[PDB]
Amino acid sequence: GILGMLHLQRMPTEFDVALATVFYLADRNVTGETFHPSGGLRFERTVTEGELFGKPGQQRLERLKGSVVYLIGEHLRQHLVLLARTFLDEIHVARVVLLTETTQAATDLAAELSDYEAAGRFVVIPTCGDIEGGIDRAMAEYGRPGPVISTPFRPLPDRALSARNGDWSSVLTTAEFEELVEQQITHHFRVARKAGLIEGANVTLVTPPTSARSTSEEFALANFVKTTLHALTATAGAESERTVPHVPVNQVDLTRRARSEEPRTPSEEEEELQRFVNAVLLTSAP
Amino acid sequence: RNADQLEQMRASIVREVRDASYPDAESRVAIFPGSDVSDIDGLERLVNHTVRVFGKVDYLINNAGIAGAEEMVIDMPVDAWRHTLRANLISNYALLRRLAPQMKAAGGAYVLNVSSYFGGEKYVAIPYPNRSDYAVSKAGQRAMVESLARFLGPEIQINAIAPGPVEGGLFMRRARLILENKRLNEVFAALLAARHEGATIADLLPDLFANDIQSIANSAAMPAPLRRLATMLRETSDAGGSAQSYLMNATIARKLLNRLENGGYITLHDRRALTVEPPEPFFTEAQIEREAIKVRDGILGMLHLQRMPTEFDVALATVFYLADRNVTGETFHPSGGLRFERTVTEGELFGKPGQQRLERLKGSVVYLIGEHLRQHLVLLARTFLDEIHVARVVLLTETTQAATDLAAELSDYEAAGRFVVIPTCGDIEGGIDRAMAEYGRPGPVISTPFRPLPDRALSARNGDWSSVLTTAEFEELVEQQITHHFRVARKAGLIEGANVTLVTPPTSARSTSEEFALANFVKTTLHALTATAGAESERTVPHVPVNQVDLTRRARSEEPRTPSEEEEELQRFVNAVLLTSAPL
Amino acid sequence: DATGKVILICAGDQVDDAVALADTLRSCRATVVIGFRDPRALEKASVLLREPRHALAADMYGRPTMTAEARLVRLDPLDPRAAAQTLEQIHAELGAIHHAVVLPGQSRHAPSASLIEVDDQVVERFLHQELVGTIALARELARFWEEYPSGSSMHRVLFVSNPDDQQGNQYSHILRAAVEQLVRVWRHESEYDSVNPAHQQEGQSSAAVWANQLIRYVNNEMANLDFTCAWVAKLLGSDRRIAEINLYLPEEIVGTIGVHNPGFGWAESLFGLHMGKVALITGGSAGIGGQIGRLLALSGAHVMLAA
């Protein structure tokens, strides 16, 4: 299987890669780039970056009527409340499940979504960091996960709001980076693994923070989270087709790599939100 | 190309290598005076001389370079574009093909295609305005590598090099050029705005070229936009230059008139020279210096290390890279790291015609070409007329026989002039001029190629070099699959409301592996061309958005499975075309 | 560099030393012609060279080269009219020959390390086949060079001496004294005769000769048969004109300058790159990181291996 993807049909040894790395170490004119000491492989790429224009397909729209959809998250309050409104009005979903990791946000979301209290579709539960237990209870309540909606409970830490400084006192430290990795990368893996365990629980990972170059030490932060979720979905996607259970893993990101991207327009981001609601209603399940 | 410079550098290099303690007999180096690279037939003499003095060829460095005429796409003449492409792209394959049969028996072969980082990078076509040819011909130099590494085989290696801004001219010529283009821009915008509301250039041209802004402002017998432009020039512009009193120059006059001629704004027999010659100080040096500082700072702000590399560093990195025996078909970056505003290929971005959007271009004129994919064209015509109810459709055809075949194929949309056909005989200019004269002025032009792929083999070992794709075929492929797109886009660039949409052939069904490399070549080269053109068409007063669309690698992925199931691609083609043809 | 050059090794019964010299010269991508003085030694040399150890040429970086294999001829210095015939035969086979490494006749010139106990039984063989033999070979080569003038660099004739096993090398001393002068007087005569129009008109223009010696009987170590190969291959394949006749190895190799070169030119190129810098490596005990640490320490930096 290997050595059949090599153009020269010759496997390099450790000496060649070590020599190339040592010779590259003395460039003194490059930074922020990936080197390739010895590689001519043919795997190409089954996954590449794409975009979306909108206009959801009508054929793949009514097939989700009378189904069950699982969504998590609390930080994007308006996004979720509208999501529920769209899922109940146009999607006409039979059951909507919402996961919350604290009680104050649970009460706030209940107050926000009391418009559907008479229907009783929306369900809010005070979960905690044990996200595995929470989803297990969510599925034990009724049904099984379907169009799993991935959403970080809290936005990226960026607690110190600095990737570098001049005094080295108010910069993102090791503890905050560990928290960021545990909440923005490991959390997605935990949710997806559970989603994969339930066959048909197609999980769609999303990168809510649309950080822009205008936000210093935040744009590239958005860039890294995107790239890491890309890596996660890439490998996971390979294991889902050959294995009996069918759980397509999709990653949708809104923090476009367009430098400032959208400008600071007050009350003129509803179009970007509508683009998001379109992106989430697409993909996932038909 | 020159002799004295080559002699001096050979003297220096031979002195350096003599100090390097080699058994030198002045045989390690050689010269070839007048080895111009823009002529193809003269390369064989160079190859024969090389294999006579030395014996063979092992390292081939394709470093011939041509900056180009250095103007915008919408300004270039075809001859300059052809010269740039021939002296920059085709000259690589010419030598490569002439040396490959002997190269195979060597085993230590290496081909280096020195490119420019501003040409592009894999999966991202970075822009580089005002140097379109220098981007197309530098993207091609790595598209060839990526498409040929697999087939060249184990004995031969092939890579590329992409150095960005390298320096230890001050952009004075560049400053003068950007100022002049700015001039062509506001003048062209003025006339456009004037002709936009009940005016014609016919009566506007005689007093226009008088280069008397005072007279223009005082007379007031002319449309407002040029008067406001003259007033703005009177206020803002510097007072220490002829521009303060005169408007045109010996260059921005003929070029601008030509722009209008090419765009169809001004008919023939309406061209004259300048009655008044503005004095020597047309532009105050201070402006040149300020533009030079601005350009420099804008260029230097993209570096991460806040400094520029020198030729020595990139040469050293390339020379150390040449010793790698395990890398093929990859682009190296000898000294890089920069901030760019680039674009990334979507790879079949999802999208459909959204309701309440359509019928915008209803009762309008649409533009298409092609003779290779007849069923595709007829399908487009049917989908354009059944739903949109287009007022006029123009489909130019390379040959008259295909025109008659198309007429018989449709045979039902006639008697109204909607289904109008016309021969081309390889002259796009004649057909487009007839279209601009008798037919309307369609916006969404489509660069559908007239002829199919070369459909031949390019991989073989020593002793079998007859059926291989030779330099003649390669030149034909470049002319019909790259230069054709440039010609169509540039000639349709100078149109108000144009929606140029480049389309590369979706190859065919049951395709071999050899012809799955020319496709990638076309992909990359057209990507660079459309990126540069779209970047240029944003600043340019008129904005003609160019959008490239290809249907290759779309569920095919070199996997042969095509029993019926044509309706998928039939619907995908119209979905994509209608989606990219309708902005907003 | 010896790509377009042909090196003929004037060997003798010394199969091991001559074959080692042939390997170290073929490592410089050059064809060789190994001529053996005494009979009954050609077949042993052929059997030894058949093995892939000496039948494959690899350059100083460790990369194999497809250089021409080692030819084998029979030469009889003491016997004229046959050595000249073989010289003209190898001329017709290949062309002119310019590099001639001249080794002595026998390994040990006598079984006993003495000079006065003998009664003219083996010293006659010595003085007749290893001094005269050398003189005959020198003229055999001089005639090939002058009878057939060839415009090129100066002619190179090394005169490697025998190694030491025990009781020193009294005979090596004798040959050395005879050689230094032969090289000295010759070099002079040759350079003087390269400008005279009288001898220049004979055929085409000829070239001068520059010869040396590479005494080894003073160093008794394990790398003296690899140091000697380095010095023979450096005075032939390069443009370095020694102004002194006799060259001598150091009484201690690692003692003065210990360098080990198993074809490791990469580590020589990676010298002093990252000098005076401290590096911290993670898992640098086995694998890619270990090799990076190895090459960085060889570069000059400071490393801190942790696993």
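Criteria and thresholds
- Residues numbered from 1 in each chain as written, not as in the entry; some residues may be left out.
- Chains lettered and ligands numbered in written order.
- Part of a larger assembly, values for the part shown.
- Heavy atoms only, no water.
- Residues with missing side-chain atoms left out of burial classes, pairs and counts.
- Helix = DSSP H or I, 4+ residues; strand = E, 2+ residues; numbered from the N terminus.
- Contact = heavy atoms within 4.5 Å.
- Pairing = 2+ DSSP bridges.
- Axes fitted to C-alpha atoms, helices over the stretch in contact; angles between N-to-C directions.
- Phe/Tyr/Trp six-rings, centres within 6.5 Å; stacked < 30°, edge-to-face > 60°.
- Buried < 20%, exposed > 50% of the residue type's maximum accessible area, 1.4 Å probe, protein only.
- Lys NZ or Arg CZ within 6 Å of the ring centre and 35° of its normal.
- Buried area = accessible area lost by both parts, 1.4 Å probe.
- Salt bridge = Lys/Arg side-chain N within 4 Å of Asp/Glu carboxyl O.
- Nonpolar A, V, L, I, M, F, W, Y, C, P; charged D, E, K, R; others polar.
- Core = buried A, V, L, I, M, F, W, Y, C linked by side-chain atoms within 4.5 Å.
- Parallel < 35°, antiparallel > 145°, perpendicular 65-115°, else oblique.
- Left-handed = near helix turned anticlockwise from the far one by under 90°.
- Disulfide = S-S within 2.5 Å.

If you check the PDB entry, chain C appears there as Short-chain dehydrogenase/reductase SDR from Roseiflexus castenholzii DSM 13941. This structure appears in the PDB under the title "Cryo-EM structure of the bi-functional malonyl-CoA reductase from Roseiflexus castenholzii".

Per the PDB entry, chain A goes by the name Short-chain dehydrogenase/reductase SDR and belongs to Roseiflexus castenholzii DSM 13941.

On to the overall build of chain C, then. When you go through chain C residue by residue, the secondary structure sums to 10 helices and 12 strands. With respect to the principal axes defined by its C-alpha atoms, chain C has extents near 70 × 55 × 40 Å. Within chain C, contacts between residues at least 6 apart in sequence are counted, and of these 79% link residues at least 24 apart.

Right, let's talk about the overall build of chain A for a bit. Scanning chain A from terminus to terminus reveals eight helices and six strands. Secondary structure elements of chain A, listed N to C terminal, follow the sequence α-β-α-β-α-β-α-β-α-α-β-α-β-α. Principal axes of the C-alpha set define a box for chain A whose edges measure 70 × 50 × 35 Å. Sequence separation of at least 24 residues holds for 76% of the intrachain contacts in chain A that already meet a minimum separation of 6.

Residue and element names in this part refer to chain B. Here three strands make up an open sheet; going across it, the order is 5-6-7 and the pairing parallel. For this open sheet the edge positions go to strand 5 (365–369) and strand 7 (419–423), each flanked by a neighbour on one side alone. Geometrically, the sheet is characterised by an average inter-axis angle of 20 degrees between neighbouring strands, direction not taken into account. In the sheet, strand 6 (residues 392–397) pairs with strand 7 via five bridges, with the strands oriented parallel. Paired with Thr397 across the strands is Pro423, a residue of strand 7.

The final tally for this structure, using the stated rule, is 17 aromatic pairs over all chains. Centroid distance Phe118 of chain B to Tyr128 of chain B: 4.7 Å. Interplanar angle 25 degrees. Geometry classified as stacked. Of this pair, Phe118 of chain B sits in the loop between strand 2 (109–114) and helix 4 (132–152) while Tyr128 of chain B sits in the loop between strand 2 and helix 4, placing them 10 residues apart in sequence. Residue classification places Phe118 of chain B among the buried positions, given a relative accessible area of 13%. Here the aromatic residues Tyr24 and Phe35 of chain A together with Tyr321 and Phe332 of chain B are joined through ring pairs into a cluster of three or more. Directly above the ring of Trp210 of chain C sits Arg187 of chain C, whose terminal nitrogen or CZ lies 4.4 Å from the centroid. The aromatic ring of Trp210 of chain C is capped on one face by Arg241 of chain C, whose charged end is 5.0 Å from the ring centroid.

With 12 residues of chain C at the contact, the number on the chain A side is 10 residues. A combined buried area of about 1100 Å² lies between chain C and chain A, and 87% of that area is made up of carbon and sulfur atoms. Contact with chain A buries area across many residues of chain C, yet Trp266, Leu270 and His274 of chain C alone supply 36% of it, more than any other trio. Counting across the chain C and chain A interface gives zero salt bridges.

Moving on: the interface of chain A and chain B. With 30 residues of chain A at the interface, the matching set in chain B holds 36 residues. Its residues assigned to classes, the side of chain A that touches chain B shows eight nonpolar, 10 polar and 12 charged.

By size, the foremost hydrophobic cluster in this structure holds 65 residues, and its most contacted members are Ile482, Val500 and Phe521 of chain B. Apart from the residues within four sequence positions on either side, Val500 of chain B is in contact with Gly443, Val445, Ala489, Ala492, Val544, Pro545, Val546 and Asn547 of chain B.

What follows is about the packing of helix 2 (residues 77–89) of chain A against helix 3 (residues 103–113) of chain A. Residues and elements named next belong to chain A. Interaxial distance between helix 2 and helix 3 falls to 11 Å at its minimum, and their mutual angle equals 45 degrees. In terms of axis orientation, helix 2 runs oblique to helix 3. Here helix 2 and helix 3 pass one another in a crossing that is right-handed. When helix 2 is examined against helix 3, the residues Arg77, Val81 and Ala84 are found in contact with a partner set consisting of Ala105, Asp108, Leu109, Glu112 and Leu113. Of the residues that constitute the contact of helix 2 with helix 3, the class distribution is five nonpolar, no polar and three charged.

With that out of the way, let us pick up the state of the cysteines. Counting across every chain of the model gives zero disulfides over all chains. Unpaired in terms of disulfides, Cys10 of chain C finds its nearest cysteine sulfur in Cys229 of chain C, a separation of 17 Å.

Our focus in this paragraph is the sheet that holds strand 2 of chain B. Residue and element names in this part refer to chain B. Taken together, the four strands give an open sheet; going across it, the order is 1-2-3-4, and neighbouring strands pair in parallel fashion. A strand with exactly one partner marks an edge of an open sheet, and here the two such strands are strand 1 (59–62) and strand 4 (331–332). Examined bridge by bridge, strand 1 and strand 2 share four bridges and lie parallel to one another. Looking at the pairing, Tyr59 lines up with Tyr110 of strand 2. Strand contacts of helix 4: strand 1, strand 2, strand 3 (156–161) and strand 4, with the helix running at about 155 degrees to strand 3, the strand carrying the most contacts. With respect to the sheet, helix 11 (residues 311–321) is in contact with strand 2, strand 3 and strand 4, its orientation differing from that of strand 3 by roughly 160 degrees.

The subject of this paragraph is the pairing of strand 5 (residues 203–207) of chain A. Residue and element names in this part refer to chain A. Of all five residues making up strand 5, five are buried, and the element is well covered by its neighbours. In strand 5, alternate side chains face the same way, and those of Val203, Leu205 and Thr207 on one face and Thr204 and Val206 on the other are all buried. Relative to strand 5, strand 4 (residues 148–149) runs parallel, the two being bridged by two bridges. Among the inter-strand pairings, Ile149 is bridged to a residue of strand 5, identified as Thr204. Looking at chain direction, strand 5 and strand 6 (residues 250–253) are connected through four bridges and run parallel.

As a further point, take the pattern of salt bridges. Oppositely charged side chains can form a pair if their charged atoms are brought close together. Across all of its chains, the model carries 30 salt bridges over all chains by this definition. Across the pair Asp36 of chain B and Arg1 of chain B runs a salt bridge whose closest N-O atoms are separated by 3.5 Å. On the criterion of sequence distance, the pair formed by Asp36 of chain B in the loop between helix 1 (4–18) and helix 2 (43–53) and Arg1 of chain B in the segment before helix 1 is long-range, its members being 35 residues apart. The shortest N-O distance in the salt bridge between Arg143 of chain C and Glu147 of chain C comes to 3.1 Å. One end of the pair is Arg143 of chain C and the other is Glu147 of chain C, both in helix 4 (residues 123–147) and four residues apart, which spans about a single turn. What emerges from the salt-bridge pattern is a single network uniting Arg256, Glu261, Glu262 and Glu272 of chain A.

Here the focus is the side chain of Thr504 of chain B. Residues and elements named next belong to chain B. Within the secondary structure, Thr504 is located in the loop between strand 9 (501–502) and helix 16 (518–539). According to the relative accessible area criterion, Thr504 is buried, its value standing at 5%. In this view, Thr504 contacts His485, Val522, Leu526, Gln548, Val549 and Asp550; residues no more than four positions away in its chain are not counted.

The subject of this paragraph is the packing of helix 5 (residues 172–195) of chain B against helix 10 (residues 285–300) of chain B. Residue and element names in this part refer to chain B. Look at helix 5 against helix 10: their axes get within 9 Å of each other, and the N-to-C directions meet at 105 degrees. Here helix 5 lies roughly perpendicular to helix 10, going by the angle between them. Residue-level inspection shows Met172, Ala175, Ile178 and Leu179 of helix 5 in contact with helix 10, the latter providing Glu285, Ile288, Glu289, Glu291 and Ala292. By residue class, the composition of the contact of helix 5 with helix 10 is six nonpolar, no polar and three charged.

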